[PDB]
Amino acid sequence: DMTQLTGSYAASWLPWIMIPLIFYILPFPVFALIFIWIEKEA
Amino acid sequence: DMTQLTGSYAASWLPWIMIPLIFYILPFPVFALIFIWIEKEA
Amino acid sequence: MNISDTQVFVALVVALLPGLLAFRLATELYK
Amino acid sequence: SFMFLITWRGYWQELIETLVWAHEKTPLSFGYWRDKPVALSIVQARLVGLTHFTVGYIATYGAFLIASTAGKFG
Amino acid sequence: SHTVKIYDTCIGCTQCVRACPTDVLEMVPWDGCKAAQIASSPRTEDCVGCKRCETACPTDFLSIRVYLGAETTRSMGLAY
Amino acid sequence: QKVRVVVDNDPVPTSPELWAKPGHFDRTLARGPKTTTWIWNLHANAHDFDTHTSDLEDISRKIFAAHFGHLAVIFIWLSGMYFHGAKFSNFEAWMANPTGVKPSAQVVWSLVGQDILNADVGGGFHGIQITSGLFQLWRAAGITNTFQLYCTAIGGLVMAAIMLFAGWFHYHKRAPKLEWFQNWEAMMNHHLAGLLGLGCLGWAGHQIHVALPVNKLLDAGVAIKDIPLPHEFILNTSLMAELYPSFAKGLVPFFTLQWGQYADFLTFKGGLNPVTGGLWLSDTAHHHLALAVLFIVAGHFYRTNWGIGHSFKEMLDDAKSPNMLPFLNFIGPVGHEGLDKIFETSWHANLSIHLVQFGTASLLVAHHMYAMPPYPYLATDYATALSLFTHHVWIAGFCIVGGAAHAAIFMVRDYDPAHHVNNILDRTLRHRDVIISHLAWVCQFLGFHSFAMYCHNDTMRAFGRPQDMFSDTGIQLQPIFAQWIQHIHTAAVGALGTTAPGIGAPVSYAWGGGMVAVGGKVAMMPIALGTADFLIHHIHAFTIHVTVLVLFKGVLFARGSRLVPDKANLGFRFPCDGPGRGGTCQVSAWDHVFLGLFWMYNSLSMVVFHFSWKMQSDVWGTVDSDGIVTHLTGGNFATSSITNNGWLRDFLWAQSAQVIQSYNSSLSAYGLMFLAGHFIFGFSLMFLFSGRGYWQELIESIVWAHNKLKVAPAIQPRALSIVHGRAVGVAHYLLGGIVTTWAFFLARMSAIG
Amino acid sequence: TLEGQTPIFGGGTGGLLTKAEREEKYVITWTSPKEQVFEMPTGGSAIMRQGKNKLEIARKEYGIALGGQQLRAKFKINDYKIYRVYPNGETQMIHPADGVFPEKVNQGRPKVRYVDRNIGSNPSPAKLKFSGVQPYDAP
Amino acid sequence: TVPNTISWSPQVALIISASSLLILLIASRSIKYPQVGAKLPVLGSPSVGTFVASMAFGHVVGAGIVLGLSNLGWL
Amino acid sequence: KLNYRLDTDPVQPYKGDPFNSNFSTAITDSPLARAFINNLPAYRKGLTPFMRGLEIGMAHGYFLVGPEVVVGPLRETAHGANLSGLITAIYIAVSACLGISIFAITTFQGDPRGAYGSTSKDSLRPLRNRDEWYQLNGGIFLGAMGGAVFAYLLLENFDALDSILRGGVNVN
Ligand code: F6C
Ligand code: CLA
Ligand code: CLA
Ligand code: CLA
Ligand code: CLA
Ligand code: CLA
Ligand SMILES: CC1=C(/C=C/C(C)=C/C=C/C(C)=C/C=C/C=C(C)/C=C/C=C(C)/C=C/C2=C(C)CCCC2(C)C)C(C)(C)CCC1
Ligand SMILES: CC1=C(/C=C/C(C)=C/C=C/C(C)=C/C=C/C=C(C)/C=C/C=C(C)/C=C/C2=C(C)CCCC2(C)C)C(C)(C)CCC1
Ligand SMILES: CC1=C(C/C=C(\C)CCC[C@H](C)CCC[C@H](C)CCCC(C)C)C(=O)c2ccccc2C1=O
Ligand SMILES: [Ca+2]
């Protein structure tokens, strides 16, 4: 059916979790890591 | 039907929220304001 | 035919004017 | 890109100063800059504007190139 | 801070010192020109880099040169 | 005694010696050119009179004389329109068949194939279809033949010569003293009662005695030749009584205050004339007559020489705390006291206010003329209706930017801190960060909640989720307050109940009340407002607020800022204060005008785009015998204008078909000018994106080549100054963009209008 | 401590900010012959008192602009001094540095950042690679 | 309907004459600068400018009153 | 001849200092404005930093659920709309609390820059210690989660609450 995102390829559940992880789950922690890195006192 | 409070007047949802607000939502905060007012040290 | 929703809302907004002026008078009398 | 390329730095530095005043005088805004906000440098503005100009240049033509050919053929 | 250098072509016209908006420059005794004075930059920490001094300098080429360097609070002209 | 005429006799000799002395007005320019920058400076400072001399009296005399010169220019231009409409026009053919003939008053010669531009405009005539509305204006004035237009053309030339002599006379022979120019009360009294009041009365006389009788016959269907000349309605009083019975009573009802007798020709109908689609000429006659009385009465408000009247100084000095309203006392204990010094000495401050109000007036002209078409056969002439709205919108925008420009000039040059001590002007400058920061915030709120919701609509539509869009069929944003006003204004005339019983028809059919059609085309009909109108109106709110932010920041920070505290000493127009402080490019108030010009263009482009699309989609069209209206773009504004892909596709791409396919036809000039505008826009980007340091170095190598061949000029070539490059860039940018829209609008309307 | 009476000013938005209390602040003091209206460096008008005045300013350029372009040029006041005030209370007088205005030559002032050559004889940057020495700083 | 206007009658003359007279009594004793310019009893000795102003305003107010009354059937 | 008229000025210098970039206005210095602002949980005298965060989070988490319930992409069904609103409030609050954490990490190194330095006198930013910011952050997160869930429970049981507030539960 064409009412939902699906995948006929192997392990189609991988995009189901990797797209949220890379794009709106991990990026804020990654920004926090970089922000701490670029603000550290000498 | 006469199994519930209803209103044929305009904006009958107003008593639905205004009666709880004046009578058992806001009065305790109001009493808190008055209690602080009448106990303040000189 | 009683008043409409707009009339009730207008009265609520209009009543704010004596509401604020009552607060101004009450605090002024407290001085 | 036209904003970065046409408007230049001193206009934005004066505007940022006004926003700096507003933040300091607003209650409940507990945040405060560790790095003082300044307008982008003169050279940086040319680079940033050129980057937007180029990216828009490539994206606009790339979309048109693909759509006008793939829409009329395979 | 910015670096301000004065070269030997200075004629001691005092125009760079008068043009400086943050009092970076002063005129010191000298003997290389008829005016018997030369510009000096003892307070480059207060230099903002406006290059008003270079505009005022009448010699060709400039007797005073400003090289923009590390940016500080007062070199960026920040009141905050 | 206080108001008197004092002049100087022969203050400036009339000699052409200074004609051969370019730059004589400026001390620096008088020495002559050494570089090409001198040439540009000569033209840039030509009319900057306050830099020619510091004498305010001499400055004021230059203002007075130059204003006569500009009046002469306008009279020559007006004479040209009347002459071309009397010699190279199909005006007589159009007067016979207004609904089937295209107005045309420009004819081209046949030398290089440009005679193809002589379009088939009907009436057995070949020429360019004009969109200025001259024919509709002349018909409403009672003009019926080309001879009357020819007489007006000659009169315009005579008035141009009189204006030119007046400027020479009042500068070289009898130049008024500075005290004469400072009579605020006398000037207001004479310009209210004598200029606006007497002009309205004089035009009311022309309408009642000429325009109404001629137009009543025209709308009745009688031929041009059968209509008597306008003076016949004055001599033969029997003719004028047949048309309007009340003229049988003469002037008796006027002097006896029985004005109700005059109701037959001073009507109060409202609505539109069904025959022509314009406003009733009897309605406009009573309108102008009421204006004349109101203005003349207003002309006795100020105290000149007889004790009676109000004084500007007394009024201003009283408007302060605690004399204000209790909630308006924040203006401080000084208030408007000290503002009188501004109007004594600052011409720029007055120019700032007056340019703003021409922007207000021209905006009212644009909005009120499309919705209440005042001329016969104007509403159905879609080419003219679109051109008139667009032209006056653009004129208003330039005037508004000019008002902000000369407000900044006043602050830099004429403002004196000693005159403004804790007054409202001083207090405004002392909380300028308050004003600019709040204005910056509301600009971001408006931009997010107007434009980013269009981006929301584009993404939802692209996703195939129309239900999540901001639209009438999705998440609705109804402009309820504007809808409420339309209902109130329709119910006022009887079409918060009947608050204006005297008007029969609706004041404007755009608010409701019905539809008017003239020649099988819609003159005016209700303009419904939905979600698409809510979004576009808040686009206008966003763009206007940002244009205010750019200009008002420049005025408030013209003296200086936290970055450059002494910008006033640097002047109104300077490029920068160097790369220091991180970079101070475009800090002066002049660059805020320069940046504000772009934002005025961006704001007004969407205003005329909103007008053009909405009128073509929901108002203009053709009416069949059954009363069914098919619109020019088929009502696609509601569903297509809610995304900017719809603007790109259904407005820019779709409606540019006429101008893009105009080659090998009479509209080919619009096609050529369409590309011409695109060229100048791209050409301007060279000046805006670059800097003179590159160009000066490039000129060095070019000068080397000329030096190699002993052909280097003595006037050394210089790159344009930093400010000059910005001025050239913005001038070509606005010229290119406006010409592009001009050809886009006119080509489409000359074909389907 | 710095003595003087602040000019009559009703308040403004261009005054001191957090930087004055955190990093540094500047004070300009001068003596005027009469009470008169001057322009604050950051907008608005203020009234300087009859005696000796004291104005707190966010940046040193404000003092140079006020003292140089208004006090000296317009009001013929030549005794203005600019101090730098630190949050710890330390105050140092920075203008005029030695009591004599910089534009007037004064004995005992050394030459600072003077290059004993014309600007066209600066070495090429290729000669100074990896040495950390700028061409204008080269001997 | 067009508001009713009445033919000339002594009543409209009375209203205009009274309105001018009342304005003359008030203006000569209330305005800021009377007795300015060339001089013309119970009045404060108004100047020619004050008198012409009072009569002109008497016509303005009088016309408004008579038109307003006639419109409303004597209000 | 010079009259500033400051003594009768409705708008005075803020806190008697004319050079602190502020005015004494109805918004900044009126008795009602000061009473309301200074008694908000961010400024209320004597509150522990955790208790400040608990009240602030409680109020903010509660109302943050609403926007996605009514105009969100799951608004077609009541159960889905409530879940999306709860998740949106959780995501926003957790993002804010992450920003608060890294604010405390970077601001309080040595002597903090700006308004949080030792010599700063910013009356609008009174949390001058790193410990206070972490205690505030704990209250912010727990309050926001609790307020968001409280709004979620009321919206999920809206049919029961509607009968509750109309007396429909008194039929049987
Ligand atoms: C940090 C902290 C802080 C704070 C607190 O604390 C603040 C606050 C304020 C107040 C006061 C006001 C109002 C608000 C609003 O409405 O607006 C905004 C919005 C928002 C949304 C903002 C935001 C908020 C916060 C940031 C929150 C955060 C949270 C998150 C979630 C985190 C996340 C994290 C992760 C990791 C990513 C404002 C503002 C302004 N801003 Mg401002 N902020 C800041 C930050 C920042 C930065 C970074 C920048 C850069 C981008 C800027 C910018 C800006 C501008 C342009 C302007 C304007 O205009 C405005 C004004 O002035 O008016 C008047 N600003 N501010
Ligand atoms: C009732 C008297 C009267 C009238 C009608 C005017 C009209 C005008 N004045 Mg003016 N003025 C007056 C009294 C009057 N002034 C007095 C008493 C003073 C001294 C305080 C001034 C001081 C003054 C200054 C300082 C300036 C003006 C300017 C102007 C012009 C403004 C531009 C405009 O709107 O174009 C209107 C366009 C027109 C075509 C109007 C007609 C123009 C002619 C000259 C008017 C002729 C009318 C005359 C009664 C003949 C009528 C013939 C027929 C109808 C019977 C306008 C022509 C400005 C200007 O542009 O100067 C040139 C300007 O800078 N006036
Ligand atoms: C009644 C209207 C009016 C009047 C009397 C003035 C008067 C003045 N303005 Mg002003 N101005 C106005 C409207 C007006 N302005 C408007 C509407 C704007 C907004 C655009 C401005 C923007 C403006 C700026 C930004 C500046 C002035 C300046 C000046 C002063 C010097 C004039 C000057 O530079 O010569 C004009 C000399 C020129 C060479 C300009 C001609 C070139 C134009 C731009 C080309 C126009 C293109 C053409 C119409 C279409 C294409 C032509 C074709 C051949 C391609 C003078 C006091 C200057 C100043 O120093 O003030 C103190 C200044 O910097 N004004
Ligand atoms: C550089 C090579 C490259 C690129 C551009 C992409 C691009 C993409 N992958 Mg992918 N992938 C790659 C290599 C790459 N792949 C390899 C080698 C593997 C096997 C381990 C996978 C396994 C994989 C899975 C299992 C999935 C994707 C998915 C996707 C899509 C969403 C992004 C995502 O979830 O990443 C996921 C990325 C990984 C799981 C591992 C990526 C490993 C590569 C080698 C990292 C490369 C790092 C890069 C070179 C450094 C950049 C430097 C910086 C300066 C730019 C996107 C089209 C998703 C998809 O199909 O959505 C529809 C998805 O679910 N990828
Ligand atoms: C409120 C003023 C006003 C209005 C609404 C009109 C309306 C009209 N006039 Mg008219 N006119 C006016 C004043 C006005 N006039 C004055 C003062 C004169 C000269 C003394 C004339 C001279 C005149 C002639 C000679 C002709 C007209 C014609 C017309 C009709 C064509 C439409 C038009 O002109 O645009 C409508 C205009 C507007 C909507 C606005 C412009 C009016 C002024 C500029 C408004 C100024 C307000 C300003 C922005 C605020 C100032 C600041 C504030 C502090 C005071 C229309 C019925 C033509 C016709 O044949 O009629 C059918 C025609 O041939 N008029
Ligand atoms: C389309 C191009 C474009 C855009 C988007 C902007 C945007 C802006 N300009 Mg601008 N400008 C432009 C062209 C543009 N300009 C050009 C060509 C010029 C030359 C004349 C200027 C000259 C100019 C001046 C002189 C001024 C501005 C100002 C502004 C700001 C107005 C406030 C606002 O709208 O906030 C809302 C922001 C937007 C509408 C931007 C688009 C946001 C998108 C739609 C949503 C993004 C969603 C999300 C956040 C994305 C995050 C994803 C993550 C991965 C990054 C804003 C940042 C003014 C300003 O700063 O005042 C505050 C101001 O003074 N501009
Ligand atoms: C806006 C504009 C325009 C214009 C328009 C028009 C058209 C206007 C008009 C205007 C007018 C139209 C005006 C008028 C005026 C008038 C007057 C000023 C008059 C006067 C009169 C008198 C003074 C009289 C006298 C007498 C005699 C002679 C005898 C007996 C007694 C008596 C007293 C009655 C144009 C487009 C161009 C341009 C742009 C802008
Ligand atoms: C200023 C003002 C105002 C405003 C106000 C507002 C803005 C409000 C809001 C409010 C709000 C917005 C509120 C909220 C609140 C909240 C709450 C009250 C909550 C609670 C919660 C809870 C209780 C929770 C719990 C929990 C937890 C903790 C855990 C487990 C689970 C549970 C759920 C149990 C107005 C305009 C009116 C008027 C004027 C003034
Ligand atoms: C192109 C450019 C120049 C170069 C432009 C110059 C030097 C002006 C040249 C003007 C010419 C000489 C005017 C005449 C051009 C006509 C087209 C000649 C007509 C010839 C007839 C025979 C047809 C700048 O100087 C500059 C300065 C600052 C910012 C941007 C720029 C910039 O973009
Ligand atoms: Ca029960």
Side-chain angles (χ1 to χ4, degrees), chain F residues 95 137-145 148 151 197-276 278-297 374-376 502-505, chain H residues 1-9 12-13 16 59-60 62-64 66-67 70-71:
Chain F
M95 285 290 297
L137 160 70
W138 296 337
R139 181 184 185 99
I143 308 180
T144 60
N145 51 90
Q148 299 168 320
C151 297
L198 289 191
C200 289
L201 192 53
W203 185 244
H206 179 100
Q207 289 199 297
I208 290 163
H209 292 287
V210 169
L212 282 71
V214 170
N215 270 262
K216 181 150 184 170
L217 296 184
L218 275 175
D219 293 19
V222 298
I224 301 299
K225 68 181 178 67
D226 298 347
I227 297 187
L229 297 183
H231 51 79
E232 308 289 344
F233 292 111
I234 288 154
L235 293 173
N236 186 12
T237 186
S238 80
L239 293 162
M240 187 66 204
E242 305 162 3
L243 277 296
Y244 313 88
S246 187
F247 284 54
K249 304 184 181 60
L251 277 296
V252 176
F254 171 71
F255 290 104
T256 59
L257 307 177
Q258 205 185 353
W259 293 346
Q261 304 304 123
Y262 291 146
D264 64 333
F265 73 100
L266 302 179
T267 64
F268 183 75
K269 304 180 180 182
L272 297 172
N273 190 323
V275 178
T276 69
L279 296 175
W280 292 103
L281 273 80
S282 47
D283 266 357
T284 70
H286 190 201
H287 164 89
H288 281 136
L289 175 55
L291 285 192
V293 174
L294 183 63
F295 285 147
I296 288 174
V297 164
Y375 295 118
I503 304 97
Chain H
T1 182
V2 178
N4 175 43
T5 56
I6 57 179
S7 180
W8 196 95
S9 42
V12 309
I16 290 170
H59 271 62
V60 169
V66 297
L67 268 297
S70 181
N71 194 336

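All values below come from the heavy atoms of this structure, side chains included, with hydrogens, waters and symmetry mates left out. Below, chains carry the letters A, B, ... as their sequence lines are ordered, and counting in each starts from 1.
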Could you give the distance from CZ (F:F295) to NE2 (F:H288), rounded to the nearest 0.5 Å? 9.0 Å

List the atom pairs, donor and acceptor, that lie under 3.5 Å between side-chain atoms in residues 242-252 of chain F and the rest of the protein, sequence neighbours left out.
residue: F:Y244; atom: OH; partner: F:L212; partner atom: O; Å: 3.0
residue: F:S246; atom: OG; partner: F:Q261; partner atom: O; Å: 2.8

Could you tell me whether a side-chain N or O of H:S70 sits under 3.5 Å from a main-chain N or O of H:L67, the two making a donor and an acceptor? no

Taking all heavy atoms of F:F233 and all of F:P228, pick out the closest pair and write down the distance. CZ-CG, 3.6 Å

Taking all heavy atoms of F:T276 and all of F:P376, pick out the closest pair and write down the distance. CB-CB, 3.6 Å

Identify the two heavy atoms, one from F:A140 and one from F:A211, that lie closest to each other, and give their separation to 0.1 Å. O-CB, 3.4 Å

Closest approach of F:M95 and F:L218, non-hydrogen atoms and distance? CE-CD1, 3.7 Å

If you round to the nearest 0.5 Å, how far is CE of F:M240 from CD1 of F:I208? 8.0 Å

All side chain to side chain contact (heavy atoms under 4.5 Å, CB included) counterparts of F:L229, not counting sequence neighbours: F:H231, F:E232

What pairs with H:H59 under ring pair (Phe, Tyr, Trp, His ring centres under 6.0 Å), at least two apart in sequence or on another chain? none

Which heavy atom of F:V214 sits nearest to which heavy atom of F:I227, and what is that distance? O-CD1, 4.0 Å

Can you tell me if F:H286 uses its side chain to pair, donor with acceptor, with the backbone of F:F268 under 3.5 Å? no

Looking at H:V2, H:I6, H:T1, which one forms a side chain to side chain contact (heavy atoms under 4.5 Å, CB included) with H:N4? H:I6

Calculate, to the nearest 0.5 Å, the distance between atoms CG and CG belonging to F:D219 and F:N273 respectively. 4.5 Å

Does the H:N71 side chain pair with the main chain of H:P3, one donor and one acceptor, at a distance under 3.5 Å? no

Could you pull out the closest heavy-atom pair between F:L257 and H:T5, with the gap in Å? O-CB, 4.2 Å

How long is the straight-line distance from CG of F:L289 back to CH2 of F:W259, given to the nearest 0.5 Å? 8.0 Å

Could you measure the distance from the CG atom of F:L266 to the OG1 atom of F:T284? Nearest 0.5 Å is fine. 10.0 Å

